[PDB]
Every structure is written in C-alpha cells, then in structure tokens.
C-alpha cells in the first residue's frame, strides 16, 4: 500500500552540505518498503551536471535476475538549504530528497516525505560508499529516523552479497 496516515514531518538536514563531495556510488544498506524498489543490490550513482544539481542513475537487480534502472536529476530549489534537493524523473512530479546526515566518505541518511492530503508516502535509505556499513553507524542513523516517525522495525535490510549482485 505504502500510503500512511498523517502528513510529513520537517526533519533537520545537513547544514554544510557540499553536493560535489556527495557524488559517485552509494550502496543501499537499509530502506523503507516502497513502490519502485522491488529488487536487491540497489546502488545510486551521482554524476557531474552542468547546472546547480547532479544527474541520478539508480540501479537494482529484480528476483528474476533482470537489471532495472532509472535516470533523474537532484537540484536544491533554495541554495540557502543545499541539503533539501528535489528528485526529477520522467514525467513525474518532483519528490523531496533531503540529506539528513552524511560524512560524504562513509554514510548518508536520505529522507523523502510526499504529502497525499491527509496521508503521506515516505522514502528513507541508509546508504554507504561500501556494500556494508558498521552496525554502530546504522544504530545512530536508525536513532535519527525513529525521532521523526519512521519505525526502524519496518526497514528492509538490502541484499548486497557479491554472489547475487556481481
């Protein structure tokens, strides 16, 4: 279903966010169950764009062994708030992409809440520069998540095993 009652929180974001340090490959460690991501081995690649934002290439492996991917764009509508991006894909309405925390080199926590009148749709990933992330880092980030109405108990652990994902 993925539609949940109540409207979105406005969590705090990475205040000093440098999109240039955020570029390259990020691996999905944990994610909320959502509509689009039906697979495993989920990676996001962020690329140089002429403009203010960056180009997005998201990639996953489905249960039948097929690779499915999407291209989009992430751009901060307010350069006072550079961690509040909007994600543009296809014909779609932009969805928020909020970097709540990153050290650029190890981890990020990303959130997107879509308001649907009285209900909402939430995306939340813990990502890593590696296919794994220390259980301490995941605990801290899960801690941030619980503080704005995400249930850590809903989080999928993403399969990043080279034997399936190669």
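Numbering follows the first chain given and starts at 1.
Between 122 to 130 and 34 to 42, it is 34 to 42 that carries the larger average Cα temperature factor according to the deposited entry. When the mean C-alpha temperature factors of 12 to 20 and 142 to 150 are read from the deposited coordinates, 12 to 20 comes out higher.
For the set 64, 58, 112, 115, the PDB entry assigns the largest Cα B-factor to 64. Remark: residue 101 belongs to the middle third of its chain, ranked by C-alpha B-factor as recorded. The PDB entry assigns residue 166 a C-alpha temperature factor belonging to the highest third of its chain's modelled residues. The deposited CA B-factor of residue 73 belongs to the lowest third of values across its chain.
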